[PDB]
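*Asks:* Starting off with a structure, shown below.
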Amino acid sequence: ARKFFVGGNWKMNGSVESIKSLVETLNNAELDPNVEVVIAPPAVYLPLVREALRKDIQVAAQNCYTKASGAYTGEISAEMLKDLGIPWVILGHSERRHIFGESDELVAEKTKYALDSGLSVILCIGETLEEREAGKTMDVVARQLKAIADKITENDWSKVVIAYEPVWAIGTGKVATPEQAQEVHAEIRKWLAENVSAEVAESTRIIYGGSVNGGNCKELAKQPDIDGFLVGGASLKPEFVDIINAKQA
Amino acid sequence: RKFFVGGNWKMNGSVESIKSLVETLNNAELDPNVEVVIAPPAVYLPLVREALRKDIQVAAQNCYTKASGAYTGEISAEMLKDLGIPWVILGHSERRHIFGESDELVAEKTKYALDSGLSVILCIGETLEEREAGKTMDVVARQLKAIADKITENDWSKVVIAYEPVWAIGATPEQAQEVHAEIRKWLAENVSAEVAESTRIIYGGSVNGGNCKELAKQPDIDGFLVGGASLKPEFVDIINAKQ
Ligand SMILES: [F-]
């Protein structure tokens with residue numbers, strides 16, 4: 001059975017004081033023991049969070065670059081994350097693909113290097129509104145996944161979690177139903193079965209990275225191919241605890 | 001103008017290597033007349049700020065445009081303020097040319113960092129292709145004009161301009177002095193004579209122990225933005241160039 005996986009992406013949010021309050025709430029919370037939980041603070045707070053946070057929750061960077069070291073002002077490497085005991089990195093987030101123009105190949109290079117440097121990867125994919133209305137949801141996610149598949153080995157996939165972002169329902173005012181999210185997750189899993197292997201399709205957690213809150217997380221978690229969440233704003237809030245507990249009665 | 005030496009570590013550092021670099025700096029004898037700033041990777045900013053001698057200030061290598069928001073992978077100037085990091089490098093050639101930061105984006109970051117109380121090492125400079133097309137003066141003018149349109153005359157007192165001869169990346173002192181003079185003339189004709197007289201213009205080409213004193217001697221070179229040598233004990237020799 002695929003272990004349920006709940007990631008919290010703080011994005012560009014946090015102070016020493018607000019992070020201390022957020023971490024205290026998580027440290028005091030009663031958490032579903034079969035859920036794998038990962039928190040992604042801004043890079044400058046990664047040591048602070050890793051030192052204060054309960055050890056059953058792991059820490060993620062929100063991005064890294066493609067080499068171990070070099071002349072790349074403003075970039076961090078997977079070796080640095082490993083050095084600091086940061087076992088996870090988010091790569092290919094739609095904000096980085098769109099705002100910062102990260103190419104499919106760049107996301108694939110970053111993924112391969114992070115895997116080879118010992119990290120696990122939350123790999124983000126998803127189609128825009130124009131792509132969805134033009135009928136290209138599956139062409140887009142197949143293309144975004146093929147770029148990684150072409151660079152990483154079959155065994156490399158064991159340390160990958162795929163986050164589906166319905167970019168078409170982020171900032172557009174549209175709302176994705178659990179039914180619509182389930183349909184894409186099932187299409188992602190079949191892409192894995194037919195283009196990577198039976199094992200990778202059965203083992204890879206595909207988590208939903210659309211709008212997730214206390215009000216909708218239980219209905220979303222019940223969908224057969226939704227293995228958890230990549231949560232945005234709600235990961236800054238106490239209801240993140242409820243989202244972690246989405247599979248509990 | 002007070003001599004200014006910046007050390008840009010770029011994507012380099014580990015806990016153990018930074019511990020040796022910082023202890024070397026803490027043991028060094030530094031020219032008291034020199035303002036020294038060092039810029040580690042973002043994940044090491046707390047570690048460095050805690051361990052480093054307080055007379056060397058710490059800089060981030062980049063930041064974004066707003067206090068907070070939905071910008072996965074980005075750091076805010078408010079976070080730097082929160083962590084006691086008083087400086088930031090903006091517009092480094094690697095950010096402009098590899099990661100595609102536009103002159104307008106660098107300006108937005110500069111105005112936001114200054115409004116947030118930080119000082120800014122503002123990097124400018126032209127590529128080989130630009131210099132071959134005779135665009136040296138045009139490029140530094142457009143890069144500077146983007147910032148000058150957005151910030152006030154007084155905002156310039158917390159800006160240090162770093163000129164990078166990107167064209168030489170892959171480099172004589174006379175060639176450096178020539179551009180520094182043009183940059184200062186641009187400030188005088190587009191900002192004020194006082195900003196021009198007051199603003200440090202530091203040289204951000206390949207700096208090491210051999211060229212420090214010759215470059216420091218040039219009338220319009222006010223210090224250095226040091227790359228690879230900033231990881232080495234020789235960084236101390238560079239800080240003491242006017243001695
Ligand atoms: F530099």
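Ligands are numbered from 1 in the order shown, chains are lettered A, B, ... in the order of the structure tokens, and residues start at 1 in each chain.
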For chain A against chain B, which residues fall within 6 Å using only C-alpha atoms, given as a list in words?
*Replies:* residues 11, 12, 13, 43, 44, 62, 63, 69, 70, 71, 72, 73, 74, 75 and 76 of chain A
*Asks:* Can you write just those residues out, N, CA and C atoms, as a PDB file, in the first residue's frame?
*Replies:*
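Contents of selection14.pdb, freshly written:
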ATOM      1  N   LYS A  11       6.345  28.294   0.723  1.00  0.00           N
ATOM      2  CA  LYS A  11       6.673  29.278  -0.322  1.00  0.00           C
ATOM      3  C   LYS A  11       7.451  30.428   0.339  1.00  0.00           C
ATOM      4  N   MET A  12       7.287  31.661  -0.131  1.00  0.00           N
ATOM      5  CA  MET A  12       8.092  32.757   0.413  1.00  0.00           C
ATOM      6  C   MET A  12       7.362  33.383   1.607  1.00  0.00           C
ATOM      7  N   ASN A  13       7.366  32.642   2.711  1.00  0.00           N
ATOM      8  CA  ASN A  13       6.627  33.019   3.907  1.00  0.00           C
ATOM      9  C   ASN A  13       7.378  32.509   5.118  1.00  0.00           C
ATOM     10  N   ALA A  43      14.705  28.849   2.264  1.00  0.00           N
ATOM     11  CA  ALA A  43      16.048  28.290   2.426  1.00  0.00           C
ATOM     12  C   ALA A  43      16.767  28.849   3.656  1.00  0.00           C
ATOM     13  N   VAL A  44      16.590  30.145   3.959  1.00  0.00           N
ATOM     14  CA  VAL A  44      17.317  30.739   5.084  1.00  0.00           C
ATOM     15  C   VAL A  44      16.841  30.237   6.442  1.00  0.00           C
ATOM     16  N   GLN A  62      12.803  24.203  -1.147  1.00  0.00           N
ATOM     17  CA  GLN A  62      11.830  24.559  -2.165  1.00  0.00           C
ATOM     18  C   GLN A  62      12.432  24.568  -3.566  1.00  0.00           C
ATOM     19  N   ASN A  63      13.753  24.368  -3.690  1.00  0.00           N
ATOM     20  CA  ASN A  63      14.463  24.405  -4.976  1.00  0.00           C
ATOM     21  C   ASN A  63      15.945  24.114  -4.746  1.00  0.00           C
ATOM     22  N   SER A  69      28.823  22.345  -6.817  1.00  0.00           N
ATOM     23  CA  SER A  69      29.371  23.649  -6.467  1.00  0.00           C
ATOM     24  C   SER A  69      29.674  24.397  -7.752  1.00  0.00           C
ATOM     25  N   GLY A  70      29.824  25.704  -7.642  1.00  0.00           N
ATOM     26  CA  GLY A  70      30.383  26.459  -8.746  1.00  0.00           C
ATOM     27  C   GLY A  70      29.864  27.882  -8.800  1.00  0.00           C
ATOM     28  N   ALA A  71      30.083  28.506  -9.961  1.00  0.00           N
ATOM     29  CA  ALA A  71      29.885  29.950 -10.117  1.00  0.00           C
ATOM     30  C   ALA A  71      28.438  30.245 -10.518  1.00  0.00           C
ATOM     31  N   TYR A  72      27.554  30.088  -9.527  1.00  0.00           N
ATOM     32  CA  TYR A  72      26.106  30.208  -9.700  1.00  0.00           C
ATOM     33  C   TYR A  72      25.545  31.027  -8.531  1.00  0.00           C
ATOM     34  N   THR A  73      25.842  32.327  -8.545  1.00  0.00           N
ATOM     35  CA  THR A  73      25.407  33.228  -7.473  1.00  0.00           C
ATOM     36  C   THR A  73      23.908  33.121  -7.235  1.00  0.00           C
ATOM     37  N   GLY A  74      23.537  32.894  -5.968  1.00  0.00           N
ATOM     38  CA  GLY A  74      22.150  32.801  -5.588  1.00  0.00           C
ATOM     39  C   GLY A  74      21.565  31.403  -5.614  1.00  0.00           C
ATOM     40  N   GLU A  75      22.324  30.390  -6.062  1.00  0.00           N
ATOM     41  CA  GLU A  75      21.839  29.012  -6.129  1.00  0.00           C
ATOM     42  C   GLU A  75      22.390  28.168  -4.982  1.00  0.00           C
ATOM     43  N   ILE A  76      21.613  27.144  -4.636  1.00  0.00           N
ATOM     44  CA  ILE A  76      22.073  26.169  -3.617  1.00  0.00           C
ATOM     45  C   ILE A  76      22.116  24.805  -4.302  1.00  0.00           C
TER      46      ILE A  76
END
*Asks:* Please, which residues of stretch 102-249 of chain A, numbered as in this document, come out helix (DSSP H, G or I) from DSSP, as number ranges by chain?
*Replies:* A: 104-116, 129-133, 137-149, 155-159, 167-169, 178-195, 198-203, 217-221, 233-236, 240-244
*Asks:* Suppose we keep C-alpha atoms; can you now write the selection as a CSV table (one decimal), in the first residue's frame?
*Replies:*
chain,number,residue,atom,x,y,z
A,104,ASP,CA,11.4,20.7,-18.7
A,105,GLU,CA,15.1,19.7,-19.3
A,106,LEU,CA,16.3,21.9,-16.4
A,107,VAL,CA,13.8,20.3,-14.0
A,108,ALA,CA,15.0,16.9,-15.2
A,109,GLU,CA,18.7,17.8,-14.7
A,110,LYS,CA,17.9,19.1,-11.2
A,111,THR,CA,16.0,15.9,-10.4
A,112,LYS,CA,18.8,13.6,-11.6
A,113,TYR,CA,21.4,15.5,-9.6
A,114,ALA,CA,19.4,15.6,-6.4
A,115,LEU,CA,18.7,11.9,-6.6
A,116,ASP,CA,22.4,11.1,-7.3
A,129,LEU,CA,-5.8,26.7,-18.3
A,130,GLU,CA,-5.1,27.1,-22.0
A,131,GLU,CA,-3.5,23.6,-22.2
A,132,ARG,CA,-6.5,22.1,-20.5
A,133,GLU,CA,-9.2,23.8,-22.6
A,137,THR,CA,-3.8,17.8,-20.1
A,138,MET,CA,-2.3,14.4,-20.8
A,139,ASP,CA,0.1,15.6,-23.5
A,140,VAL,CA,1.5,18.2,-21.1
A,141,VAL,CA,2.0,15.8,-18.1
A,142,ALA,CA,3.4,13.1,-20.3
A,143,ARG,CA,5.9,15.5,-21.7
A,144,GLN,CA,6.9,16.9,-18.3
A,145,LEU,CA,7.3,13.3,-17.0
A,146,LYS,CA,9.1,12.0,-20.1
A,147,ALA,CA,11.9,14.6,-19.5
A,148,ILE,CA,12.7,13.1,-16.1
A,149,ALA,CA,12.1,9.5,-17.2
A,155,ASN,CA,15.5,2.6,-9.4
A,156,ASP,CA,15.8,6.3,-9.2
A,157,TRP,CA,12.0,6.6,-9.2
A,158,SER,CA,11.8,5.0,-5.7
A,159,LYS,CA,12.8,8.3,-4.1
A,167,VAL,CA,-2.4,25.1,-12.8
A,168,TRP,CA,-5.6,25.7,-14.6
A,169,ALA,CA,-7.3,25.9,-11.2
A,178,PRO,CA,-12.1,15.6,-6.5
A,179,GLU,CA,-13.4,13.8,-9.6
A,180,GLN,CA,-11.4,15.9,-11.9
A,181,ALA,CA,-8.3,15.5,-9.7
A,182,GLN,CA,-8.8,11.7,-9.5
A,183,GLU,CA,-9.0,11.5,-13.4
A,184,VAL,CA,-5.6,13.1,-13.8
A,185,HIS,CA,-3.9,11.1,-11.1
A,186,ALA,CA,-5.1,7.9,-12.7
A,187,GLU,CA,-3.8,9.1,-16.0
A,188,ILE,CA,-0.4,9.8,-14.4
A,189,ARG,CA,-0.2,6.4,-12.8
A,190,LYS,CA,-1.0,4.7,-16.2
A,191,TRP,CA,1.7,6.8,-17.9
A,192,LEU,CA,4.2,5.4,-15.3
A,193,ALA,CA,3.0,1.8,-15.9
A,194,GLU,CA,3.3,2.1,-19.7
A,195,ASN,CA,6.5,4.2,-19.9
A,198,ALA,CA,4.8,-1.9,-13.3
A,199,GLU,CA,6.7,-1.4,-10.1
A,200,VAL,CA,7.1,2.3,-10.5
A,201,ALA,CA,3.4,2.8,-11.3
A,202,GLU,CA,2.4,0.8,-8.2
A,203,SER,CA,4.9,2.4,-5.8
A,217,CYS,CA,-9.0,17.2,2.3
A,218,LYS,CA,-11.0,14.2,3.5
A,219,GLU,CA,-13.0,14.0,0.2
A,220,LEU,CA,-9.8,14.4,-1.8
A,221,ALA,CA,-7.9,11.8,0.2
A,233,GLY,CA,-1.3,28.4,2.2
A,234,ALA,CA,-3.0,26.0,4.5
A,235,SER,CA,0.5,24.6,5.4
A,236,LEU,CA,1.1,28.0,7.3
A,240,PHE,CA,-2.4,21.7,8.3
A,241,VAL,CA,-2.7,19.2,11.2
A,242,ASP,CA,-6.2,18.3,10.0
A,243,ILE,CA,-4.9,17.8,6.5
A,244,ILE,CA,-2.2,15.4,7.7
*Asks:* For residue A:232, find every residue with an atom within 7 Å (counting only C-alpha atoms), except residues of its own chain fewer than 6 positions away, and show them as an mmCIF file with N, CA and C atoms, in the first residue's frame.
*Replies:*
data_model
loop_
_atom_site.group_PDB
_atom_site.id
_atom_site.type_symbol
_atom_site.label_atom_id
_atom_site.label_comp_id
_atom_site.auth_asym_id
_atom_site.auth_seq_id
_atom_site.Cartn_x
_atom_site.Cartn_y
_atom_site.Cartn_z
ATOM 1 N N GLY A 8 4.048 20.234 3.027
ATOM 2 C CA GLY A 8 3.619 21.599 3.228
ATOM 3 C C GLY A 8 4.623 22.556 2.623
ATOM 4 N N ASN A 9 4.198 23.302 1.612
ATOM 5 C CA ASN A 9 5.076 24.235 0.911
ATOM 6 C C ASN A 9 4.788 25.631 1.442
ATOM 7 N N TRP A 10 5.689 26.142 2.295
ATOM 8 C CA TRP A 10 5.508 27.472 2.876
ATOM 9 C C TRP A 10 5.715 28.589 1.855
#
*Asks:* So that I can see what lies close to residue B:30, please list as a PyMOL selection string the residues with an atom at most 9 Å from it, counting only C-alpha atoms and leaving out residues fewer than 4 positions away in the same chain.
*Replies:* chain B and resi 25+34+236-237+239-240
*Asks:* For residue B:117, which of B:194, B:155, B:234, B:103 is the closest residue, counting only C-alpha atoms?
*Replies:* B:155
*Asks:* If you run DSSP on the backbone, which residues of stretch 36-86 of chain B are strand (DSSP E), as a VMD selection string?
*Replies:* chain B and resid 36 to 39 56 to 60
*Asks:* Those selected residues, please, written with C-alpha atoms and delivered as a tab-separated table (two decimals), in the first residue's frame.
*Replies:*
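And here's part03.tsv as it stands now:
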chain	number	residue	atom	x	y	z
B	36	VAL	CA	34.18	44.08	4.43
B	37	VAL	CA	31.07	42.09	3.43
B	38	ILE	CA	30.88	38.36	2.70
B	39	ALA	CA	28.05	36.50	0.95
B	56	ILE	CA	32.57	41.79	8.68
B	57	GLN	CA	28.94	42.04	7.66
B	58	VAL	CA	27.05	39.24	5.92
B	59	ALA	CA	25.19	39.46	2.58
B	60	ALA	CA	22.70	37.25	0.80
*Asks:* Report, in Å with one decimal, the straight-line distance from atom CA of residue B:169 to atom CA of residue B:226.
*Replies:*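 These atoms are spaced 13.4 Å apart.
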*Asks:* Kindly indicate which residue among B:133, B:140, B:159, B:51 lies nearest to residue B:86, using only C-alpha atoms for the distances.
*Replies:* B:159
*Asks:* Find the residues around stretch 148-151 of chain B up to 12 Å (only C-alpha atoms counted), leave out those fewer than 4 positions away in its own chain, and share them as a ChimeraX atom specification.
*Replies:* /B:103-115,122,141-144,155-159,186-192,195
*Asks:* Might you pull out every residue within 8 Å of residue B:3, with only C-alpha atoms counted and same-chain residues fewer than 4 positions away left off, and present them as JSON, numbers by chain?
*Replies:* {"B": [33, 34, 35, 200, 222, 223]}
*Asks:* Using only C-alpha atoms and all ligand atoms, can you tell me which of B:241, B:121, B:139, B:225 comes closest to ligand 1?
*Replies:*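 So, comparing all the options, the nearest one is B:225.
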*Asks:* Using Å and a single decimal, report how far atom CA of residue A:92 sits from atom CA of residue A:117.
*Replies:*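 Those two atoms sit 17.5 Å apart.
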*Asks:* Give me the residues near residue B:127 as a PDB file with C-alpha atoms, in the first residue's frame, where near means some atom within 7 Å (using only C-alpha atoms) and where sequence neighbours in that chain fewer than 4 positions away do not count.
*Replies:*
ATOM      1  CA  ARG B 131      31.525  44.981 -26.023  1.00  0.00           C
ATOM      2  CA  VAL B 166      31.610  39.839 -18.148  1.00  0.00           C
ATOM      3  CA  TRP B 167      33.389  40.179 -21.521  1.00  0.00           C
TER       4      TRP B 167
END
*Asks:* When you count only C-alpha atoms and all ligand atoms, which of these residues is closest to ligand 1: B:206, B:27, B:17, B:243?
*Replies:*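 Between B:206, B:27, B:17, B:243, the residue approaching ligand 1 most closely is B:206.
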*Asks:* How many Å lie between atom CA of residue B:238 and atom CA of residue B:7, rounded to one decimal?
*Replies:*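 For atom CA of residue B:238 relative to atom CA of residue B:7, the distance reads 9.9 Å.
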